[PDB]
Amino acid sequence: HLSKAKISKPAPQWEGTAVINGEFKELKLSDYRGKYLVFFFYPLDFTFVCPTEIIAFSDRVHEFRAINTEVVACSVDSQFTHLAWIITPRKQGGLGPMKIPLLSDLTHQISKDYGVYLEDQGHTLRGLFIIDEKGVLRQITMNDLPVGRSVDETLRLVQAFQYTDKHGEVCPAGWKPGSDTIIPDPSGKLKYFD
């Protein structure tokens, strides 16, 4: 397994054509500097788990935008196929109008750079990446094909990284806003453990 994606290092640069509000637009990772970004890959347009994940993030995108965070989805399908899918009604396994960009990776170069490409199948697995305002990679989540991801877990992780960025204390297992934190010092730590 080879990849350019390394936690605590700058996330690999990407550029491509995206569908945004029904139109074709050029989009780059660098466009997102100054904000957190949830960047996620899904296997294939017109399939099964995939539309449930894209719909989940689009319907709840306001929750991420309230905390200076954007969301971008990506597959190996072309931009013409993405638009056809957006126009397909939800009842027929389509998406309907979308509030997040759908990026196209026809050459497979972006998938390969992020280490999510399946050479035997010709598409990606379910891989999600959390990137900070400075462009640095903080988190990687990857699922086998039959099991979808969680919007709730994704929000929890974004909130935790922002908190530790700001305060310099660290977040225990299962942390949510309001939970106890730890001072990362051999003496300071006892204020939590006591």
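For every residue, the number given is its place in the sequence shown, counted from 1.
A.B. asks: Quick check on the record: does 92-100 or 112-120 carry the larger mean Cα temperature factor?
C.D. replies: Comparing 112-120 with 92-100, the higher average CA B-factor belongs to 92-100.
A.B. asks: Compared with the other modelled residues in the chain, in which third is the CA B-factor of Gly168?
C.D. replies: It belongs to the highest third of the chain when residues are ordered by C-alpha B-factor.
A.B. asks: Going by the CA temperature factor in the PDB record, which third of the chain does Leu29 belong to: lowest, middle or highest?
C.D. replies: Middle third - that is where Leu29 ends up once the chain's C-alpha B-factors are sorted.
A.B. asks: With respect to C-alpha B-factor, does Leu157 fall in the lowest, middle or highest third of the chain as deposited?
C.D. replies: Lowest third, going by the recorded CA B-factors of the chain.
A.B. asks: Against its chain's modelled residues, does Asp59's Cα B factor rank lowest, middle or highest third?
C.D. replies: It falls in the top third of the chain.
A.B. asks: Lowest, middle or highest third: where is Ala66 by C-alpha B factor in its chain?
C.D. replies: Ranked within chain, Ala66 CA B lands in the highest tercile.
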